[PDB]
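Please read the structure below before turning to the comments.
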Amino acid sequence: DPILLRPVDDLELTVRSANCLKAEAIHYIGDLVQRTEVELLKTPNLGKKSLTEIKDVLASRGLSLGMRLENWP
Amino acid sequence: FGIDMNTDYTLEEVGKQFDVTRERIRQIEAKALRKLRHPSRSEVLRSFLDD
């Protein structure tokens with residue numbers, strides 16, 4: 001899908017989450033959604049609000065965490 | 001700009017309207033522009049630039 005290879009640039013996220021994901025260094029979401037909840041809570045200095053925001057931006061476009069992919073990217 | 005009003009205003013008149021210096025107003029304008037530049041608020045907008 002073109003969108004999970006669409007950068008976190010275009011998630012319309014807040015810059016706090018920007019710092020979190022820059023630390024994690026996940027540019028596209030095709031590997032983002034295979035990661036679980038604790039794999040996101042392994043973030044440096046990241047808590048409930050930013051992660052609820054990221055699940056918000058996922059379920060705005062019809063996705064979430066934990067999904068499985070094949071030959072990605 | 002003059003968007004849907006009378007005369008556009010300099011930054012200082014705007015800071016007057018919000019009790020800020022013009023630098024505060026430049027920060028606000030730049031942040032709003034950066035927000036709008038991204039698609040999902042800008043797909044149709046940039047399509048108005050038909051080229």
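Residues are referred to by chain and number: the chain letter is A, B, ... according to the order shown in the structure tokens, the number counts from 1 in that chain, and ligands are numbered separately from 1 in the order shown.
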
**Study point:** Contacts of segment 63-69 of chain A within 8 Å, only C-alpha atoms, excl. fewer than 6 positions in-chain, as an MDAnalysis selection string
**Key:** chainID A and resid 30:37 55

Dump of N, CA and C atoms for the selected residues, as a tab-separated table (two decimals), in the first residue's frame:
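As a result, part_2.tsv now contains:
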chain	number	residue	atom	x	y	z
A	30	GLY	N	4.72	1.16	7.04
A	30	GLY	CA	4.71	-0.25	6.67
A	30	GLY	C	5.50	-1.13	7.62
A	31	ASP	N	6.47	-0.57	8.33
A	31	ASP	CA	7.09	-1.28	9.44
A	31	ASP	C	6.55	-0.79	10.78
A	32	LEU	N	5.92	0.39	10.79
A	32	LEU	CA	5.30	0.92	11.99
A	32	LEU	C	4.17	0.04	12.50
A	33	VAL	N	3.30	-0.46	11.62
A	33	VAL	CA	2.10	-1.14	12.08
A	33	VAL	C	2.38	-2.57	12.49
A	34	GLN	N	3.50	-3.14	12.07
A	34	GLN	CA	3.91	-4.44	12.58
A	34	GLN	C	4.41	-4.37	14.02
A	35	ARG	N	4.79	-3.19	14.48
A	35	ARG	CA	5.23	-2.99	15.85
A	35	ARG	C	4.03	-2.87	16.79
A	36	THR	N	4.19	-3.43	17.98
A	36	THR	CA	3.11	-3.55	18.95
A	36	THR	C	3.04	-2.33	19.86
A	37	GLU	N	2.20	-2.46	20.89
A	37	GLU	CA	2.00	-1.34	21.81
A	37	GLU	C	3.22	-1.10	22.69
A	55	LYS	N	-2.32	6.41	17.59
A	55	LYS	CA	-3.41	5.49	17.24
A	55	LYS	C	-4.59	6.26	16.66

Apply DSSP to the structure's backbone, then extract all residues of chain A labelled alpha helix (DSSP H) and return them as a short mmCIF file (atom, residue, chain, number, x, y, z; two decimals) with N, CA, C and O atoms, in the first residue's frame.
data_model
loop_
_atom_site.label_atom_id
_atom_site.label_comp_id
_atom_site.auth_asym_id
_atom_site.auth_seq_id
_atom_site.Cartn_x
_atom_site.Cartn_y
_atom_site.Cartn_z
N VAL A 15 4.83 17.61 16.95
CA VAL A 15 6.29 17.55 16.91
C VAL A 15 6.89 16.82 18.10
O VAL A 15 8.03 16.35 18.02
N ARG A 16 6.16 16.72 19.21
CA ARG A 16 6.58 15.82 20.28
C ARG A 16 6.67 14.39 19.77
O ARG A 16 7.71 13.72 19.93
N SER A 17 5.61 13.91 19.14
CA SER A 17 5.66 12.61 18.48
C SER A 17 6.74 12.59 17.41
O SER A 17 7.30 11.53 17.10
N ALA A 18 7.03 13.74 16.81
CA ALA A 18 8.14 13.82 15.87
C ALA A 18 9.45 13.45 16.54
O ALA A 18 10.23 12.66 15.99
N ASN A 19 9.72 14.01 17.72
CA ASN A 19 10.93 13.65 18.45
C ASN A 19 10.94 12.17 18.78
O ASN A 19 11.96 11.49 18.60
N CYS A 20 9.80 11.65 19.25
CA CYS A 20 9.71 10.23 19.59
C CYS A 20 10.07 9.34 18.40
O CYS A 20 10.94 8.47 18.50
N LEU A 21 9.41 9.55 17.26
CA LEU A 21 9.66 8.70 16.10
C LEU A 21 11.01 8.94 15.45
O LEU A 21 11.58 8.00 14.90
N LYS A 22 11.53 10.17 15.49
CA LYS A 22 12.90 10.41 15.04
C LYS A 22 13.87 9.59 15.86
O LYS A 22 14.82 9.01 15.30
N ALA A 23 13.67 9.54 17.17
CA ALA A 23 14.47 8.64 18.00
C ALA A 23 14.30 7.20 17.54
O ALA A 23 15.28 6.47 17.36
N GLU A 24 13.05 6.78 17.32
CA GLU A 24 12.81 5.42 16.84
C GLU A 24 13.26 5.25 15.39
O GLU A 24 13.66 4.15 14.99
N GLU A 37 2.20 -2.46 20.89
CA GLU A 37 2.00 -1.34 21.81
C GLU A 37 3.22 -1.10 22.69
O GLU A 37 3.65 0.05 22.84
N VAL A 38 3.78 -2.15 23.28
CA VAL A 38 4.98 -1.97 24.10
C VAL A 38 6.17 -1.61 23.22
O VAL A 38 7.09 -0.91 23.66
N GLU A 39 6.18 -2.07 21.97
CA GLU A 39 7.26 -1.67 21.07
C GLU A 39 7.19 -0.18 20.75
O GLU A 39 8.20 0.42 20.38
N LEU A 40 6.00 0.43 20.88
CA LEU A 40 5.92 1.88 20.79
C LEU A 40 6.20 2.54 22.14
O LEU A 40 6.78 3.64 22.18
N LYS A 48 1.33 8.48 27.45
CA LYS A 48 -0.02 8.11 27.02
C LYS A 48 -0.53 9.02 25.91
O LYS A 48 -1.15 8.55 24.96
N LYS A 49 -0.27 10.32 26.01
CA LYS A 49 -0.94 11.27 25.13
C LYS A 49 -0.45 11.15 23.69
O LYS A 49 -1.26 11.10 22.76
N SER A 50 0.86 11.09 23.49
CA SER A 50 1.39 11.00 22.13
C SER A 50 0.99 9.68 21.47
O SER A 50 0.69 9.64 20.27
N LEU A 51 0.98 8.59 22.23
CA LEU A 51 0.63 7.31 21.64
C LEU A 51 -0.87 7.20 21.37
O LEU A 51 -1.28 6.58 20.38
N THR A 52 -1.70 7.78 22.23
CA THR A 52 -3.11 7.85 21.87
C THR A 52 -3.28 8.70 20.62
O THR A 52 -4.09 8.37 19.75
N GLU A 53 -2.46 9.75 20.48
CA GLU A 53 -2.51 10.56 19.27
C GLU A 53 -2.14 9.75 18.04
O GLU A 53 -2.73 9.91 16.97
N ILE A 54 -1.15 8.86 18.16
CA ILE A 54 -0.68 8.12 16.99
C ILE A 54 -1.70 7.05 16.60
O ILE A 54 -1.95 6.81 15.42
N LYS A 55 -2.32 6.41 17.59
CA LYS A 55 -3.41 5.49 17.24
C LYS A 55 -4.59 6.26 16.66
O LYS A 55 -5.32 5.74 15.80
N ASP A 56 -4.79 7.50 17.10
CA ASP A 56 -5.80 8.37 16.49
C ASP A 56 -5.51 8.59 15.01
O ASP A 56 -6.39 8.42 14.16
N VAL A 57 -4.28 8.99 14.68
CA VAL A 57 -3.95 9.23 13.28
C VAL A 57 -3.99 7.94 12.48
O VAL A 57 -4.24 7.96 11.27
N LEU A 58 -3.75 6.79 13.13
CA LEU A 58 -3.90 5.53 12.41
C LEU A 58 -5.36 5.23 12.08
O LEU A 58 -5.68 4.93 10.92
N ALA A 59 -6.25 5.31 13.07
CA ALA A 59 -7.65 4.99 12.84
C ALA A 59 -8.38 6.12 12.12
O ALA A 59 -9.58 6.01 11.85
N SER A 60 -7.69 7.23 11.85
CA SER A 60 -8.23 8.19 10.90
C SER A 60 -8.13 7.66 9.48
O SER A 60 -9.02 7.90 8.65
#

**Study point:** Polymer residues at most 9 Å from residue 38 of chain B, only C-alpha atoms, same-chain spacing of 4 or more positions, as a PyMOL selection string
**Key:** (chain A and resi 9-10+12) or (chain B and resi 34+42-43)

Point to revise | 10 Å contacts from chain B to chain A using only C-alpha atoms, as a ChimeraX atom specification | key: /B:35,38-41

Exercise for review: To one decimal in Å, tell me the separation between atom CA of residue 4 of chain A and atom CA of residue 46 of chain B.
Suggested key: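 Interatomic distance, atom CA of residue 4 of chain A to atom CA of residue 46 of chain B: 22.9 Å.
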
**Study point:** Contact residues around residue 12 of chain B with only C-alpha atoms at 10 Å, ignoring same-chain residues under 2 positions, as a list in words
**Key:** residues 9, 10, 14, 15, 16, 17, 18, 19, 20, 21, 22, 23, 24, 25 and 26 of chain B

Go ahead and write the selection's residues with N, CA and C atoms as a PDB file, in the first residue's frame.
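Saved as result_39.pdb:
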ATOM      1  N   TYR B   9      -3.417  43.683   6.573  1.00  0.00           N
ATOM      2  CA  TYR B   9      -2.715  44.502   7.542  1.00  0.00           C
ATOM      3  C   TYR B   9      -1.255  44.106   7.646  1.00  0.00           C
ATOM      4  N   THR B  10      -0.417  45.095   7.924  1.00  0.00           N
ATOM      5  CA  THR B  10       0.953  44.859   8.334  1.00  0.00           C
ATOM      6  C   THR B  10       0.982  44.034   9.612  1.00  0.00           C
ATOM      7  N   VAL B  14      -1.552  43.702  13.342  1.00  0.00           N
ATOM      8  CA  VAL B  14      -2.010  42.407  13.828  1.00  0.00           C
ATOM      9  C   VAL B  14      -1.610  42.202  15.280  1.00  0.00           C
ATOM     10  N   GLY B  15      -0.340  42.456  15.605  1.00  0.00           N
ATOM     11  CA  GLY B  15       0.086  42.378  16.992  1.00  0.00           C
ATOM     12  C   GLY B  15      -0.718  43.295  17.889  1.00  0.00           C
ATOM     13  N   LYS B  16      -1.050  44.485  17.386  1.00  0.00           N
ATOM     14  CA  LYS B  16      -2.016  45.359  18.044  1.00  0.00           C
ATOM     15  C   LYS B  16      -3.305  44.615  18.350  1.00  0.00           C
ATOM     16  N   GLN B  17      -3.840  43.918  17.351  1.00  0.00           N
ATOM     17  CA  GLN B  17      -5.098  43.203  17.532  1.00  0.00           C
ATOM     18  C   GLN B  17      -4.977  42.116  18.590  1.00  0.00           C
ATOM     19  N   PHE B  18      -3.790  41.537  18.747  1.00  0.00           N
ATOM     20  CA  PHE B  18      -3.602  40.474  19.729  1.00  0.00           C
ATOM     21  C   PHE B  18      -2.671  40.865  20.872  1.00  0.00           C
ATOM     22  N   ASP B  19      -2.221  42.117  20.933  1.00  0.00           N
ATOM     23  CA  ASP B  19      -1.277  42.566  21.957  1.00  0.00           C
ATOM     24  C   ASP B  19      -0.001  41.723  21.923  1.00  0.00           C
ATOM     25  N   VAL B  20       0.678  41.774  20.779  1.00  0.00           N
ATOM     26  CA  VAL B  20       1.945  41.077  20.608  1.00  0.00           C
ATOM     27  C   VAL B  20       2.826  41.953  19.740  1.00  0.00           C
ATOM     28  N   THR B  21       4.127  41.700  19.782  1.00  0.00           N
ATOM     29  CA  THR B  21       5.018  42.323  18.819  1.00  0.00           C
ATOM     30  C   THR B  21       4.835  41.660  17.465  1.00  0.00           C
ATOM     31  N   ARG B  22       5.344  42.312  16.421  1.00  0.00           N
ATOM     32  CA  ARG B  22       5.192  41.765  15.079  1.00  0.00           C
ATOM     33  C   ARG B  22       5.946  40.454  14.913  1.00  0.00           C
ATOM     34  N   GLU B  23       6.942  40.193  15.756  1.00  0.00           N
ATOM     35  CA  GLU B  23       7.687  38.946  15.633  1.00  0.00           C
ATOM     36  C   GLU B  23       6.827  37.760  16.054  1.00  0.00           C
ATOM     37  N   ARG B  24       6.069  37.922  17.142  1.00  0.00           N
ATOM     38  CA  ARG B  24       5.057  36.938  17.512  1.00  0.00           C
ATOM     39  C   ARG B  24       4.135  36.635  16.337  1.00  0.00           C
ATOM     40  N   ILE B  25       3.720  37.678  15.623  1.00  0.00           N
ATOM     41  CA  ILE B  25       2.781  37.505  14.525  1.00  0.00           C
ATOM     42  C   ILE B  25       3.447  36.794  13.363  1.00  0.00           C
ATOM     43  N   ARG B  26       4.719  37.094  13.112  1.00  0.00           N
ATOM     44  CA  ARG B  26       5.423  36.362  12.069  1.00  0.00           C
ATOM     45  C   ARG B  26       5.518  34.891  12.420  1.00  0.00           C
TER      46      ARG B  26
END
